[PDB]
Each structure stands twice: as C-alpha cells, then as structure tokens.
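In what follows, a single structure is set out as structure tokens and then discussed.
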Amino acid sequence: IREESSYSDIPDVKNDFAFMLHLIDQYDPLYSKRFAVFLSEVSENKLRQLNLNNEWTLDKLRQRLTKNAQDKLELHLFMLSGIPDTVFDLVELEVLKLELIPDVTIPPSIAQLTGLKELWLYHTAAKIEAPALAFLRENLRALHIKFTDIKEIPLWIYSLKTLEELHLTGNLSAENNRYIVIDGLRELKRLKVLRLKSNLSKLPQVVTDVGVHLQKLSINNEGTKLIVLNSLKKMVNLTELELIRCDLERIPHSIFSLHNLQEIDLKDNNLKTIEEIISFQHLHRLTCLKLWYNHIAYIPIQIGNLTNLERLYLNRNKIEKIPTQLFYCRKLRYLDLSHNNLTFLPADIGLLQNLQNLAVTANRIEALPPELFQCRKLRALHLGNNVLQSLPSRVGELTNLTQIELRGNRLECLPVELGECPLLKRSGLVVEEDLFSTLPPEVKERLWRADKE
Amino acid sequence: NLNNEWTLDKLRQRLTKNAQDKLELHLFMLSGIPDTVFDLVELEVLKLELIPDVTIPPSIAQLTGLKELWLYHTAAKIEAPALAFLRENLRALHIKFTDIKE
Amino acid sequence: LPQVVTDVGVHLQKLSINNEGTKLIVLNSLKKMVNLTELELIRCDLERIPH
Amino acid sequence: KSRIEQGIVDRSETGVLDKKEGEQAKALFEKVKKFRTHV
Amino acid sequence: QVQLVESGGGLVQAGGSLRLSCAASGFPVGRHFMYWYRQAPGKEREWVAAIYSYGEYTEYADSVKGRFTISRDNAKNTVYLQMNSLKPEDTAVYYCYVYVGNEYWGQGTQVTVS
C-alpha cells in the first residue's frame, strides 16, 4: 500500500496486532487500507492541519493581529505545526512572522496577501510553489532569515527580484566553502538594506559586489572581530553604516571614503581613542554619529570640525570631561552623554540653540550651569542618577520642556519655577514621590489636570 | 456545486472597481468558471487567476461588454465560437505564466 | 529585444519592457518603431541611455 | 534541474472539512494510538 | 612634562615655500596625532592639517587642500609643516596640538605673507 500510494509513515506492526490484521487481510484487504490511513502519521499531520484551519478562524486571527513599532499590521506565528490556510484570507496583513514552524510549504493562496511586504522566517525552512514564488518575487519587500543551519535558508530567496531589505541572522561562514550560499545575493538587483549578524571574520566578497547600490549596511558580529581589509570603499551609494559588536577597537579608514554616508554607528566596538573623527570632515552630510557603548576616554577637540552634525551619541563610555570645542557644532540637536564620569557642564552648552534632547544620566553633575537654560527649545532632559544638589530656578525658562527625569539625585526640594513650564505634565516629570511632594498644591493640581488631558 | 458556492448575488456583491473606472470580477483559486458569472453583462474585465484546466465556454458571447481578460497562471483551452467572439470583442489581454506551455 | 518584437513594432504606439534588473541589449533593434509614442524601459539595467 | 534545487515544489490540492468530523477524526486517531499501544 | 614649541615661521612672499618645525619632547611623535592649527587676527582659530598615529594618513582643510604638507620624524621627534603656494589669506599664527593625557598647545610661530 505504501510502496504504491507513497505513505511511508506507517511503521511495521508488532505482536497481537499484526495477527488480527492478517485475518482481516484474508477476509478483505479493504479494511487493511481503511485502517492503515488511520494508523499513519502523514494522515495525522494533515488532519492536524485541517483542525488548525478550523480553529484559527478569520476572527481569531484578526483578534490576534497586532501592530509592530513601524505601525504595520503584524501576525507572529509561534510553534504551530504549519501555516494555517486562513492566514491568507486577511488582505490587511502587512508583516508575516513565522517562528519554529516545521515542514512548511508556502501555498499559492499567499497571492491574496496584496498588502504583504515583510516575511520573517525564524528557524523555518519553507518550500514555495511557482505561483506563490512569482507573487513574492513581484511583491515582497523585506525578508528576515534567522537560521541555525545553512540549509535552513530557503534557496528561492535569491529569486526575489523586488526585495529591498534582507536581514541575515545566524552564523554563515564555514571552512573551505565560506561565502558561497550568499553567492546568489548578486541576483537581488534591488537590494538596499543588508543586515549581517553572522560572526563574520572578514566581509564576504559578494557583499562588496552588491553594495554598489546598497544604502544601509548593518553588521552585528556579537563579539567576533571584523576585518574590513580594504573591502568597503566601493559602496559609494551607502548612507547608513552600522558596525555593532564588531570588536574593532579602532575606526577603520575605509569609512571616510563613503562620501554619501549620513548615519554611522560604531556601538560595542571597544573604541579607546576616537581621534580618527578628524577624517569625518570628508563626509559632507554626516548628521548622526553614534559612538555609544565603548571605552572612549575623551572627546577629541577635533569633533568641532564636524559642523554638520545634528545627533551625537557618546553614552556608556569612560568620558570624564566635555571639551569646549564640542559646542562649536551649532546644528547639534541630540547630545546623549548618559553613564559617564562627567562632573560638570561647560558654559558653552547654551550656545547650541537647537539642542532638544540632553541626557546626562548616571554622572557626577552636582549642579547645572545657568547658561544651560539658554537652550529654549530643549524639549526633554534626563538628569537622573546624578548628584545634583539643587535644581536651578531657571528651569522654567525652557518653555518647550516636556519630559524631565530627576529620580536618583540628591535633591531636597523641587523649585516652584518647575511648574511654570507650559507643556510639562506629571507624565513628563519623572521624579521620586518624596521630592514631588514638595511642589505647591497649585502646581500639583495643574500637573494632574494636564496629565488627565 | 460551484454555482451553489458562487451564486449570482454573491458574485455581484463581490464585483469591484479597479483604478481604471472599469467593472471587473476577480476569480482566484476556483475549481472552474462558475456558469453564473456570464449573467452579469455589466462586466468589462475578467480576471482568471489559478483556475485549473479551464475551457472558455461558448457562453462568453453573453459578455457583450467584455474588453479585457486576465489569465494569471490559468491556461485556457478555447472553442471555435469563443475564439471567433474574442477575435472581434477582445481589446486587452493580460497573460502571466510560470512556464512557456502555460 | 527579439526580432519578432522589432517586426511587430511597425504598428505599435506604446512599448514597456520590465526586465527586473536583468540587462537588456537594444543594438539597433529599436529604430523601426517610428510610430512609438510612449517607450518605457523599466529595470532594464541600461547603465547608459542607448542611441 | 533548476526547479528542484531552488525550493520550488509542485502544486498540492486542498479542501474544507467539517469541524465536528475533524474532532471525531482527532479523537479516533488518539483512540487508535491507545489501542495499538495496548495491543 | 610634554613641551610643544614651534620654529621656522616668519615673513615670506606669496607663491613660495615655507617650512615649520614642531619640537616634541615628552612623547613619541609617531604615536600621537599631530594637529596644525592657525588663528587669523580677529578670527577664530582654524585647523590646518593632521597626521594619523598609523598608516601615514593625512588630513587637510578644504581651503588649504593641495597646498600644505605635514610630516614627522620619530628619530628627532619633530613635526614638519611645509607651506606652499602661500597667500596673504594664510597669514595666521600656527600651533601644533596634541593630546597626551591632557590638552597641549605649542608656543605659536607668527606667519605673515605679502
């Protein structure tokens, strides 16, 4: 029966159950075949699929639909025996997240997902059919592949010629055959965002080849040392370069040749001296520059030459002092210096008229300069975990202040001038209740009413 | 069974308009072409996507106003009357195929 | 661009070629469609405007 | 062949079955498992 | 105990060549970035050039690109600033800056061009 009809998931029968089956076979093999299906495993899994389809009705899936951070409708499937056939009846679905779903075939019914843009294959090797493959080739924009094994990467993903954003999660390098599964990335002619979290010990050649049109390269070696070794100065169309946990311990000189770069992230690179930023004057559009989570001991005065900076991140470092040249960047809008050994703020901090977020959390700031309150559009502040002795009375000058963090300081009384901020609400006043009790009752009532409205 | 599944009322309620101000009906993953789709003479565009072994019925002469026919992954075997009607009443044909034989 | 298309283009008005990033070679196979009024070469990987 | 090694699989048909009969079939699968184990 | 002192400045015609010497005592010159800065009278100080700590990577200002040169010698522990194609605009006082534990500035050599 199973050699003809191809149902190999029927194990041989042991004692006292093969005897009765032999008797039945002598009477009529029809009963043998009517029993074999019910004893098979393929049939049980298919019946499980049908029960899944019946259980996850369209209303159930719609109630299960959520919206991710990007305000997109999301369906995250976890530990299901397969893709329910009714997940393709929701035309409003935008992102399909599949995690730990085995023996999964993408049906042609996925073509009904006109609004589908992102497909997350979490530890899921899925086969696809020609209609569904063509639909995804014409429609799918983003693909998230997380794999503990090379073979778990579907091999049809290189035929998606409208893909723009590919996220590779999982170790891919191997001995004597490295960077060959991703030889098909050249065929992704419309790829723009390439995220590589694979413990690369050297940037694969195909990445450099496909980077001529890449606009954002993101690498997360999770501790592995990454050697660029002159493989990065060809992606002149790049505008965002993220090197997270690459263990660089040094800024490579290949970055400064990317004349179109705007956002450079160097998180967890164990940076010590960042005096390489003198070469960043070549990048004539460098707006955001994240250097957080490093061992940076000092901010070089050459950071003043980067007059086009708007966002500067230097938190989680070993910075002890702030140079006065840092305040030559009058375009600066974010200056996050949280978790540092800073003890005071230079008076030039008020020169940055466009500063809007200033976090100095977890420092040794015992007092704030009065010049700090010249930044009238300072929407948010974070002065928590400091050693602030007293809050200056000029806090009310910042009319646009909305969210100010104050828990963890050595404060005794909150200023009455703190309540004159037109937009500050109890939600935006993060402070201990003992300190909050010091406000005048009019201020308390106004804050509570604002929080209500 | 198909006519029981897709009645004229359900089809007409399922009728939608594309961006071209054209009345069109989308048939996706059906066993065949329901015989009751041809009683709507208001149609102008017909979309046959993923319908196996379709034969273009002679009833397409009822669709006087049909101008566009979409055959997405749906190879159509035709008869002499239907072919003669299409030779004088079809202006736009959209063919999407996964293979040459389709 | 196939020769059959070049032949049939003697009566065409609008041509649209969408190769999805794959390069397309014209090579003097396009000037016969002198009636063409709307020519689209989308994702043809020309890398340079053909003459 | 190109189609076989590129994750492209052939079409498979599907249907719709009653929920009650599906539960009956599930319970029957469970009972057959128990009985085969017993025997 | 690092001393930064400049020499080689003066008054020279335009379109010529001039060379500056920055004397480093307490630190090896090749192991720390050396920055040349200029301050025009009645003007904020302007950066001139820099040398990397490795690979002989050099940086120059946009207005002075292709005209000035920077070099250093570890055997004698000095930084050379070679000024070429000089103009009255490049009349400023030149400083060689370093950061070895703290901020260090040179004495400053007066440079005037006709």
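Labels for the structure tokens follow display order: chains A, B, ..., residues from 1 in each chain, ligands from 1.
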Would you mind listing, as a ChimeraX atom specification, all residues of chain A that have at least one atom within 10 Å of chain C, where only C-alpha atoms are what counts? /A:137-138,160-162,187-190
Quick check: residues of chain B within 12 Å of chain D, only C-alpha atoms, returned as a list in words.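 Result: residues 29, 30, 31, 50, 51, 52, 98 and 99 of chain B.
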So that I have them on file, write out the residues from the current selection with N, CA, C and O atoms, as a short mmCIF file (atom, residue, chain, number, x, y, z; two decimals), in the first residue's frame.
data_model
loop_
_atom_site.label_atom_id
_atom_site.label_comp_id
_atom_site.auth_asym_id
_atom_site.auth_seq_id
_atom_site.Cartn_x
_atom_site.Cartn_y
_atom_site.Cartn_z
N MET B 29 -8.35 31.03 -7.55
CA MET B 29 -8.31 29.69 -6.97
C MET B 29 -9.70 29.09 -6.83
O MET B 29 -10.19 28.82 -5.73
N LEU B 30 -10.34 28.88 -7.97
CA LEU B 30 -11.59 28.15 -8.05
C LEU B 30 -11.38 26.88 -8.86
O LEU B 30 -10.45 26.79 -9.67
N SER B 31 -12.24 25.89 -8.63
CA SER B 31 -12.19 24.67 -9.42
C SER B 31 -12.50 24.93 -10.88
O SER B 31 -11.87 24.31 -11.75
N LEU B 50 -5.29 31.29 -11.27
CA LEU B 50 -5.13 30.00 -10.59
C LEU B 50 -6.41 29.17 -10.62
O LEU B 50 -6.88 28.68 -9.60
N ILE B 51 -6.97 29.01 -11.82
CA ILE B 51 -8.11 28.14 -12.04
C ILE B 51 -7.68 27.04 -13.00
O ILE B 51 -7.35 27.32 -14.15
N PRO B 52 -7.65 25.78 -12.57
CA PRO B 52 -7.05 24.73 -13.40
C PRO B 52 -7.95 24.28 -14.54
O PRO B 52 -9.17 24.27 -14.44
N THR B 98 3.93 30.97 -15.49
CA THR B 98 5.14 30.42 -14.88
C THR B 98 5.93 29.53 -15.83
O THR B 98 7.02 29.09 -15.46
N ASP B 99 5.42 29.27 -17.03
CA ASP B 99 6.10 28.39 -17.97
C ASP B 99 5.64 28.72 -19.38
O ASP B 99 4.58 29.31 -19.59
#
I need the alpha helix (DSSP H) residues of chain B per DSSP on the backbone, written as an mmCIF file with N, CA and C atoms, in the first residue's frame.
data_model
loop_
_atom_site.group_PDB
_atom_site.id
_atom_site.type_symbol
_atom_site.label_atom_id
_atom_site.label_comp_id
_atom_site.auth_asym_id
_atom_site.auth_seq_id
_atom_site.Cartn_x
_atom_site.Cartn_y
_atom_site.Cartn_z
ATOM 1 N N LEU B 2 -20.313 24.430 -7.846
ATOM 2 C CA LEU B 2 -19.727 25.756 -7.994
ATOM 3 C C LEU B 2 -20.801 26.836 -7.989
ATOM 4 N N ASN B 3 -21.887 26.614 -8.732
ATOM 5 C CA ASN B 3 -22.980 27.582 -8.758
ATOM 6 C C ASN B 3 -23.628 27.715 -7.387
ATOM 7 N N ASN B 4 -23.701 26.615 -6.636
ATOM 8 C CA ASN B 4 -24.130 26.708 -5.245
ATOM 9 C C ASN B 4 -23.149 27.529 -4.423
ATOM 10 N N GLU B 5 -21.853 27.398 -4.713
ATOM 11 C CA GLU B 5 -20.820 28.098 -3.959
ATOM 12 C C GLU B 5 -20.743 29.574 -4.338
ATOM 13 N N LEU B 8 -25.169 34.196 -8.238
ATOM 14 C CA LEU B 8 -25.146 35.481 -8.928
ATOM 15 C C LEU B 8 -25.105 36.639 -7.937
ATOM 16 N N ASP B 9 -25.838 36.522 -6.828
ATOM 17 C CA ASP B 9 -25.840 37.584 -5.826
ATOM 18 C C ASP B 9 -24.466 37.747 -5.189
ATOM 19 N N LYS B 10 -23.835 36.634 -4.810
ATOM 20 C CA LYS B 10 -22.519 36.707 -4.186
ATOM 21 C C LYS B 10 -21.485 37.265 -5.153
ATOM 22 N N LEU B 11 -21.569 36.874 -6.426
ATOM 23 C CA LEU B 11 -20.665 37.419 -7.433
ATOM 24 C C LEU B 11 -20.868 38.920 -7.603
ATOM 25 N N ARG B 12 -22.122 39.353 -7.761
ATOM 26 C CA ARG B 12 -22.389 40.770 -7.984
ATOM 27 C C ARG B 12 -21.964 41.607 -6.785
ATOM 28 N N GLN B 13 -22.221 41.119 -5.570
ATOM 29 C CA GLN B 13 -21.716 41.807 -4.389
ATOM 30 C C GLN B 13 -20.194 41.812 -4.363
ATOM 31 N N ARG B 14 -19.569 40.751 -4.873
ATOM 32 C CA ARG B 14 -18.118 40.667 -4.957
ATOM 33 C C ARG B 14 -17.543 41.520 -6.080
ATOM 34 N N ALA B 80 -14.204 27.034 -31.121
ATOM 35 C CA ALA B 80 -14.397 27.905 -32.279
ATOM 36 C C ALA B 80 -15.327 29.082 -32.003
ATOM 37 N N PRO B 81 -16.498 28.914 -31.369
ATOM 38 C CA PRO B 81 -17.349 30.094 -31.129
ATOM 39 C C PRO B 81 -16.703 31.119 -30.214
ATOM 40 N N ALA B 82 -16.094 30.662 -29.117
ATOM 41 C CA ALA B 82 -15.445 31.579 -28.189
ATOM 42 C C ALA B 82 -14.283 32.304 -28.854
ATOM 43 N N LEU B 83 -13.480 31.580 -29.638
ATOM 44 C CA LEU B 83 -12.365 32.211 -30.333
ATOM 45 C C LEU B 83 -12.856 33.243 -31.338
ATOM 46 N N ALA B 84 -13.927 32.927 -32.069
ATOM 47 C CA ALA B 84 -14.485 33.894 -33.009
ATOM 48 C C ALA B 84 -15.001 35.133 -32.287
ATOM 49 N N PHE B 85 -15.639 34.948 -31.127
ATOM 50 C CA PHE B 85 -16.116 36.097 -30.362
ATOM 51 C C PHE B 85 -14.957 36.956 -29.874
ATOM 52 N N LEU B 86 -13.898 36.320 -29.369
ATOM 53 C CA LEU B 86 -12.760 37.081 -28.867
ATOM 54 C C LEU B 86 -12.022 37.794 -29.992
ATOM 55 N N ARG B 87 -12.014 37.222 -31.197
ATOM 56 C CA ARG B 87 -11.358 37.873 -32.324
ATOM 57 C C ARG B 87 -12.012 39.192 -32.708
ATOM 58 N N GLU B 88 -13.235 39.454 -32.243
ATOM 59 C CA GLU B 88 -13.922 40.701 -32.539
ATOM 60 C C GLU B 88 -14.393 41.450 -31.301
ATOM 61 N N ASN B 89 -14.101 40.957 -30.093
ATOM 62 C CA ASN B 89 -14.588 41.642 -28.902
ATOM 63 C C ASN B 89 -13.542 41.759 -27.795
#
Determine, for each residue of chain A having at least one atom at most 9 Å from an atom of chain B, the closest pair of atoms and their separation in Å to one decimal, counting only C-alpha atoms; order by chain and ascending number, as JSON lines.
{"residue": "A:108", "atom": "CA", "partner": "B:50", "partner_atom": "CA", "distance": 8.3}
{"residue": "A:109", "atom": "CA", "partner": "B:29", "partner_atom": "CA", "distance": 7.6}
{"residue": "A:112", "atom": "CA", "partner": "B:28", "partner_atom": "CA", "distance": 8.4}
{"residue": "A:130", "atom": "CA", "partner": "B:98", "partner_atom": "CA", "distance": 6.6}
{"residue": "A:131", "atom": "CA", "partner": "B:98", "partner_atom": "CA", "distance": 7.1}
{"residue": "A:134", "atom": "CA", "partner": "B:98", "partner_atom": "CA", "distance": 7.6}
Contacts from chain D to chain A, 6 Å maximum, only C-alpha atoms: show me the residue list as a ChimeraX atom specification. /D:6-9
Take the selection from the previous step and output its residues with N, CA, C and O atoms, as a PDB file, in the first residue's frame.
ATOM      1  N   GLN D   6      15.930  24.684  -6.181  1.00  0.00           N
ATOM      2  CA  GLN D   6      15.643  26.055  -5.777  1.00  0.00           C
ATOM      3  C   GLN D   6      14.357  26.147  -4.965  1.00  0.00           C
ATOM      4  O   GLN D   6      13.614  27.122  -5.080  1.00  0.00           O
ATOM      5  N   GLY D   7      14.075  25.131  -4.153  1.00  0.00           N
ATOM      6  CA  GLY D   7      12.975  25.189  -3.212  1.00  0.00           C
ATOM      7  C   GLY D   7      11.595  25.275  -3.819  1.00  0.00           C
ATOM      8  O   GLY D   7      10.635  25.543  -3.092  1.00  0.00           O
ATOM      9  N   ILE D   8      11.459  25.053  -5.123  1.00  0.00           N
ATOM     10  CA  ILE D   8      10.168  25.140  -5.797  1.00  0.00           C
ATOM     11  C   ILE D   8       9.545  23.750  -5.792  1.00  0.00           C
ATOM     12  O   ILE D   8      10.118  22.799  -6.329  1.00  0.00           O
ATOM     13  N   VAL D   9       8.368  23.630  -5.185  1.00  0.00           N
ATOM     14  CA  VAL D   9       7.689  22.351  -5.053  1.00  0.00           C
ATOM     15  C   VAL D   9       6.406  22.382  -5.877  1.00  0.00           C
ATOM     16  O   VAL D   9       5.875  23.443  -6.220  1.00  0.00           O
TER      17      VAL D   9
END
Env of range 351-354 of chain A: 12 Å cut, atoms = only C-alpha atoms, seq-sep filter 5 positions within chain, self excluded. Answer as an NGL selection string. :A and (307 or 309-311 or 324-335 or 346 or 371-379 or 398 or 400)
Atoms to include: C-alpha atoms. Write the selected residues as a CSV table (one decimal), in the first residue's frame.
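Once written, out18.csv looks like this:
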chain,number,residue,atom,x,y,z
A,307,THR,CA,29.8,71.4,11.9
A,309,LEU,CA,26.4,67.1,12.9
A,310,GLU,CA,22.9,67.0,14.3
A,311,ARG,CA,22.8,63.9,16.5
A,324,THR,CA,34.6,73.4,24.8
A,325,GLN,CA,35.2,72.7,21.1
A,326,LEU,CA,32.3,70.2,21.1
A,327,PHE,CA,30.0,73.2,21.4
A,328,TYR,CA,31.1,74.6,18.0
A,329,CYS,CA,28.5,72.3,16.4
A,330,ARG,CA,25.6,74.7,16.5
A,331,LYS,CA,23.5,72.3,14.4
A,332,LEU,CA,23.6,69.7,17.2
A,333,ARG,CA,20.1,68.5,18.3
A,334,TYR,CA,20.8,65.4,20.4
A,335,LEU,CA,23.7,65.2,22.9
A,346,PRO,CA,30.9,73.7,30.3
A,371,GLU,CA,23.8,79.1,30.7
A,372,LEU,CA,22.4,75.6,30.1
A,373,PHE,CA,18.9,77.1,30.2
A,374,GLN,CA,19.5,79.3,27.2
A,375,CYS,CA,18.6,76.3,25.0
A,376,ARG,CA,14.9,77.4,25.0
A,377,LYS,CA,13.7,74.6,22.7
A,378,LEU,CA,15.1,71.8,25.0
A,379,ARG,CA,12.1,69.5,24.8
A,398,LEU,CA,12.7,76.2,29.0
A,400,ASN,CA,9.1,73.6,25.5
Mind checking DSSP for chain B and telling me the strand (DSSP E or B) residues as a PyMOL selection string? chain B and resi 16-17+23-28+45-49+54-55+68-72+76-77+92-96
So that I can see what lies close to residue 78 in chain A, please list as a PDB file with C-alpha atoms, in the first residue's frame the residues with an atom at most 12 Å from it, counting only C-alpha atoms and leaving out residues fewer than 3 positions away in the same chain.
ATOM      1  CA  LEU A  75       0.940  38.375  12.567  1.00  0.00           C
ATOM      2  CA  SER A  81       2.557  22.632  13.059  1.00  0.00           C
ATOM      3  CA  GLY A  82       2.198  24.639   9.847  1.00  0.00           C
ATOM      4  CA  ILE A  83       0.883  27.797   8.256  1.00  0.00           C
ATOM      5  CA  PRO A  84      -2.917  27.911   8.633  1.00  0.00           C
ATOM      6  CA  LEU A  96       4.128  37.700   8.342  1.00  0.00           C
ATOM      7  CA  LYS A  97       6.362  36.432  11.160  1.00  0.00           C
ATOM      8  CA  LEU A  98       6.939  32.662  11.223  1.00  0.00           C
ATOM      9  CA  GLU A  99       8.892  31.146  14.119  1.00  0.00           C
ATOM     10  CA  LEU A 100       9.555  27.435  14.700  1.00  0.00           C
ATOM     11  CA  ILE A 101       7.047  26.142  12.151  1.00  0.00           C
ATOM     12  CA  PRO A 102       8.134  22.843  10.546  1.00  0.00           C
ATOM     13  CA  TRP A 120      10.102  36.693   8.809  1.00  0.00           C
ATOM     14  CA  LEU A 121      11.371  33.105   8.614  1.00  0.00           C
ATOM     15  CA  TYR A 122      12.554  32.391  12.163  1.00  0.00           C
ATOM     16  CA  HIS A 123      14.215  28.950  12.265  1.00  0.00           C
ATOM     17  CA  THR A 124      11.831  27.971   9.467  1.00  0.00           C
TER      18      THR A 124
END
What's the 8 Å shell around residue 18 in chain C, counting only C-alpha atoms, without same-chain residues fewer than 4 positions away, as a list in words?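 Contacts, with the query itself left out: residues 41, 42, 43 and 44 of chain C.
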For the residues selected in the previous step, produce a file with C-alpha atoms as an mmCIF file, in the first residue's frame.
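Here's the written file result34.cif:
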data_model
loop_
_atom_site.group_PDB
_atom_site.id
_atom_site.type_symbol
_atom_site.label_atom_id
_atom_site.label_comp_id
_atom_site.auth_asym_id
_atom_site.auth_seq_id
_atom_site.Cartn_x
_atom_site.Cartn_y
_atom_site.Cartn_z
ATOM 1 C CA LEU C 41 12.456 50.765 -20.248
ATOM 2 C CA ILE C 42 11.934 49.925 -16.572
ATOM 3 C CA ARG C 43 14.645 47.977 -14.730
ATOM 4 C CA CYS C 44 16.446 47.199 -17.986
#
Give me the residues within 9 Å of residue 16 in chain E as number ranges by chain, counting only C-alpha atoms and dropping any in the same chain fewer than 2 places off. E: 12-14, 18, 83-87
Same residues, C-alpha atoms, saved as an mmCIF file, in the first residue's frame:
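What landed in selection-v2.cif:
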data_model
loop_
_atom_site.group_PDB
_atom_site.id
_atom_site.type_symbol
_atom_site.label_atom_id
_atom_site.label_comp_id
_atom_site.auth_asym_id
_atom_site.auth_seq_id
_atom_site.Cartn_x
_atom_site.Cartn_y
_atom_site.Cartn_z
ATOM 1 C CA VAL E 12 57.664 85.397 3.158
ATOM 2 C CA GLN E 13 56.319 86.369 -0.255
ATOM 3 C CA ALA E 14 53.287 84.762 -1.859
ATOM 4 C CA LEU E 18 57.949 77.844 3.925
ATOM 5 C CA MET E 83 53.613 75.661 3.490
ATOM 6 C CA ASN E 84 53.483 76.120 -0.282
ATOM 7 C CA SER E 85 51.726 78.483 -2.705
ATOM 8 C CA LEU E 86 51.330 80.970 0.119
ATOM 9 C CA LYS E 87 48.833 83.838 0.040
#
Restricting to only C-alpha atoms, whichever of E:25, E:58, E:82, E:69 is closest to chain A is E:58
Sorted by chain and rising residue number, which residues of chain E lie within 8 Å of chain A, and what are their closest atom pairs and distances in Å to one decimal, counting only C-alpha atoms, as CSV?
residue,atom,partner,partner_atom,distance
E:33,CA,A:275,CA,7.6
E:50,CA,A:278,CA,7.9
E:52,CA,A:276,CA,7.6
E:59,CA,A:279,CA,6.5
